[PDB]
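S.K.: Have a look at the structure that comes next, please.
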Amino acid sequence: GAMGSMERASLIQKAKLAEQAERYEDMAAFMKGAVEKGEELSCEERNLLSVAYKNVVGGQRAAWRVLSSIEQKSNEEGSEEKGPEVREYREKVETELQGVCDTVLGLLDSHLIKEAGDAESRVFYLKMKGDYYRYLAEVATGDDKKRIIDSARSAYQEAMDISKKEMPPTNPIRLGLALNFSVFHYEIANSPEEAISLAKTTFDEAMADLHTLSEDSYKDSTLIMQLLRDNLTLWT
Amino acid sequence: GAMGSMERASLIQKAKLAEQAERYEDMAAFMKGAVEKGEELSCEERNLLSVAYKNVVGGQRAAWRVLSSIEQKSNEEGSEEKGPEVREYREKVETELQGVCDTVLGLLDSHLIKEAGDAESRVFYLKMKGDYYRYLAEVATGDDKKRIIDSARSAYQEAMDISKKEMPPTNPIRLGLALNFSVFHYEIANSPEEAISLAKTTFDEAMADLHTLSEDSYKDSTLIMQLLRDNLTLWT
Amino acid sequence: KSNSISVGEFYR
Amino acid sequence: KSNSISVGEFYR
Ligand SMILES: [Ca+2]
Ligand SMILES: [Ca+2]
Ligand SMILES: [Ca+2]
Ligand SMILES: [Ca+2]
Ligand SMILES: [Cl-]
Ligand SMILES: [Cl-]
Ligand code: NA
Ligand code: NA
């Protein structure tokens, strides 16, 4: 790897600089280098890894959706034939997106998840595994769509089981996991009723636990609860 | 070049798709491929080339400014020593920025400018040459800063001479050239009085020519005139 | 589009 | 920062 000669601490320092400069591709490459040093990641380092790749893949997903929409319109009756270029370029962006997801999944498999023993790290990484399989599922159309969807579901489910046993209902990792699993149910798994039920139960159980929290934790938890409510408003 | 096997028309089509997807690095690579086919560019194709590289270099300049500011703060008295990482990463971004500018300047030199005979193409390319030398000057600190500044000045000056002889004072290319040359005077050449005089004279001469224009041309010209006025408000 | 969240983005 | 302009961006 091109980051093999850089100190772990220097990679983390530069990831933070890249974040300030909104250079998320650089940030992701620095954090990949840090993961590949082989040591476990602290809470802050996990957040840096997540921010970096979320921004990279977010740009790719937005571009893929623009290109896919143009492609679909070109395949409607009455549409003038424009050649293979739209499909080719959508395929190019799709392949790069798949590459980023495979990179993240590879870091989780080698060897972040297997070394993660605490609930906060293990749930975080399993949620990420669900998220990146979900992004693969958004573009999947072939013989492996079902298996990609099941891989996402499985990762989310293991994360949910741990989070329910080991974390309070207001924990932001638990809340963000439930939010994203609910989106999986609505957008990927054709299960809007499961999505609504999960969002509602997650919101209500967090509400009942807010009284235990400090002002700062209260602000963290209620911010994510508002996202659950925003989805429930969209879905109902 | 990696675009050598793609049809010129396909590269232009894909540049337009990349623009819609806000994939400006791809857009620039497609337009570079189109330039390297060796044919002259139409007005629309010149605009695509300009949009693509402006967005790429704009991201680099914004990141460089963030990193340069952090670096300057680290060199103030009382600042804790953090090692070489800030300088190294600023240098990395700076080198990539310089590479993009050199790429654009190379396309203009091989061989867009020498084949550009009409005022609208020649002024456009010479303004671009001034702009990309100006971006090199923003980061220059060594023995070639003076020569980079003079290269920018020379390109802008040739563009100005042609534009004044061959285009009306409301022509958007002429107006945008004068705007950018005025910024060169203010920000690069330590000549705020020249910047103000140029912006004022350009604005007043365009104002007097607006009566000759259609409604659509009037809208184009007044939009750029507002930018001259916005600078005059900042500078005076 | 439904709202999702990155835990790192939320914290960072 | 002073305002500059890309002619292509203005048209496109
Ligand atoms: Ca070491
Ligand atoms: Ca129902
Ligand atoms: Ca051909
Ligand atoms: Ca004066
Ligand atoms: Cl392509
Ligand atoms: Cl670096
Ligand atoms: Na797993
Ligand atoms: Na020249």
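Identifiers for the structure tokens are assigned positionally: chains receive A, B, ... in sequence, residues are indexed from 1 per chain, and ligands are indexed from 1 in the order shown.
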Residue 7 in chain D: which residues within 10 Å, counting only C-alpha atoms, same-chain residues fewer than 6 positions away excluded, as a list in words?
M.R.: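 Neighbouring residues, sequence-local ones excluded: residues 46, 47, 48, 50, 51, 54, 124, 127, 128, 172, 173, 174, 175, 176, 177 and 224 of chain B.
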S.K.: At a cut-off of 8 Å around ligand 8, and using only C-alpha atoms and all ligand atoms, what residues come up? Please write them as a PyMOL selection string.
M.R.: chain B and resi 109+113+126+129+154-155+158
S.K.: Residues at most 10 Å from residue 95 in chain A, counting only C-alpha atoms, excluding those fewer than 5 positions away in the same chain, as JSON, numbers by chain?
M.R.: {"A": [60, 89, 90, 100, 101, 139]}
S.K.: Given the selection you just returned, output its residues as a file containing N, CA, C and O atoms, formatted as a PDB file, in the first residue's frame.
M.R.:
```pdb
ATOM      1  N   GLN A  60     -20.509   9.043  -5.126  1.00  0.00           N
ATOM      2  CA  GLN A  60     -20.708   8.038  -6.168  1.00  0.00           C
ATOM      3  C   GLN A  60     -22.177   7.658  -6.310  1.00  0.00           C
ATOM      4  O   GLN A  60     -22.682   7.524  -7.434  1.00  0.00           O
ATOM      5  N   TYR A  89     -21.143   4.906 -19.300  1.00  0.00           N
ATOM      6  CA  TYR A  89     -20.696   5.803 -18.245  1.00  0.00           C
ATOM      7  C   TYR A  89     -21.363   5.466 -16.914  1.00  0.00           C
ATOM      8  O   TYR A  89     -20.705   5.512 -15.864  1.00  0.00           O
ATOM      9  N   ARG A  90     -22.646   5.084 -16.942  1.00  0.00           N
ATOM     10  CA  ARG A  90     -23.272   4.570 -15.728  1.00  0.00           C
ATOM     11  C   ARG A  90     -22.518   3.352 -15.204  1.00  0.00           C
ATOM     12  O   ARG A  90     -22.287   3.235 -13.993  1.00  0.00           O
ATOM     13  N   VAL A 100     -15.288   0.856  -4.143  1.00  0.00           N
ATOM     14  CA  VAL A 100     -15.195   1.495  -2.833  1.00  0.00           C
ATOM     15  C   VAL A 100     -15.875   0.629  -1.776  1.00  0.00           C
ATOM     16  O   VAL A 100     -15.329   0.398  -0.691  1.00  0.00           O
ATOM     17  N   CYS A 101     -17.070   0.117  -2.086  1.00  0.00           N
ATOM     18  CA  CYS A 101     -17.758  -0.762  -1.142  1.00  0.00           C
ATOM     19  C   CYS A 101     -16.932  -2.000  -0.837  1.00  0.00           C
ATOM     20  O   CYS A 101     -16.826  -2.413   0.327  1.00  0.00           O
ATOM     21  N   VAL A 139     -27.401  -0.969  -6.477  1.00  0.00           N
ATOM     22  CA  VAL A 139     -27.019  -1.054  -7.886  1.00  0.00           C
ATOM     23  C   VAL A 139     -27.072  -2.472  -8.430  1.00  0.00           C
ATOM     24  O   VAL A 139     -26.854  -2.671  -9.636  1.00  0.00           O
TER      25      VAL A 139
END
```
S.K.: What residues in chain D get the DSSP label alpha helix (DSSP H)? Please answer as a list in words.
M.R.: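 Restricting chain D to alpha helix (DSSP H) produces residues 7, 8, 9, 10 and 11 of chain D.
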S.K.: Dump the neighbourhood of ligand 4 as a ChimeraX atom specification: all residues within 10 Å, distances computed on only C-alpha atoms and all ligand atoms.
M.R.: /B:192-194,196-197,236
S.K.: For the residues in that selection, give me N, CA and C atoms as a short mmCIF file (atom, residue, chain, number, x, y, z; two decimals), in the first residue's frame.
M.R.:
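Output (again05.cif):
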```
data_model
loop_
_atom_site.label_atom_id
_atom_site.label_comp_id
_atom_site.auth_asym_id
_atom_site.auth_seq_id
_atom_site.Cartn_x
_atom_site.Cartn_y
_atom_site.Cartn_z
N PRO B 192 -3.75 47.28 -6.82
CA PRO B 192 -5.19 47.53 -6.61
C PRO B 192 -5.72 48.70 -7.40
N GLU B 193 -4.92 49.75 -7.62
CA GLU B 193 -5.42 50.87 -8.42
C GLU B 193 -5.67 50.46 -9.86
N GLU B 194 -4.78 49.65 -10.45
CA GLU B 194 -5.02 49.15 -11.80
C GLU B 194 -6.26 48.27 -11.84
N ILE B 196 -8.94 48.46 -9.90
CA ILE B 196 -10.12 49.31 -9.79
C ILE B 196 -10.37 50.05 -11.10
N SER B 197 -9.32 50.62 -11.69
CA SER B 197 -9.48 51.35 -12.94
C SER B 197 -10.01 50.45 -14.05
N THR B 236 -13.44 49.29 -2.74
CA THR B 236 -13.53 50.73 -2.51
C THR B 236 -14.51 51.07 -1.38
#
```
S.K.: May I have the residues within 9 Å of ligand 1, computed using only C-alpha atoms and all ligand atoms, as a list in words?
M.R.: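 Going residue by residue within 9 Å of ligand 1, we get residues 5, 6, 7, 8, 9 and 37 of chain A.
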S.K.: Go ahead and dump the residues you just picked, N, CA and C atoms, as a CSV table (one decimal), in the first residue's frame.
M.R.:
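File written: selection.csv
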```
chain,number,residue,atom,x,y,z
A,5,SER,N,4.6,3.4,4.3
A,5,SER,CA,5.7,4.0,4.8
A,5,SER,C,5.4,5.1,5.8
A,6,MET,N,4.1,5.5,6.0
A,6,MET,CA,3.8,6.6,6.8
A,6,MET,C,3.4,6.1,8.2
A,7,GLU,N,3.8,6.8,9.2
A,7,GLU,CA,3.4,6.5,10.6
A,7,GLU,C,1.9,6.5,10.8
A,8,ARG,N,1.4,5.6,11.6
A,8,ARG,CA,0.0,5.5,12.0
A,8,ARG,C,-0.5,6.9,12.5
A,9,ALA,N,0.3,7.5,13.4
A,9,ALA,CA,-0.2,8.8,14.0
A,9,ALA,C,-0.2,9.8,12.9
A,37,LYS,N,-2.3,-0.7,9.4
A,37,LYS,CA,-1.3,-0.9,10.4
A,37,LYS,C,-1.6,-2.1,11.3
```
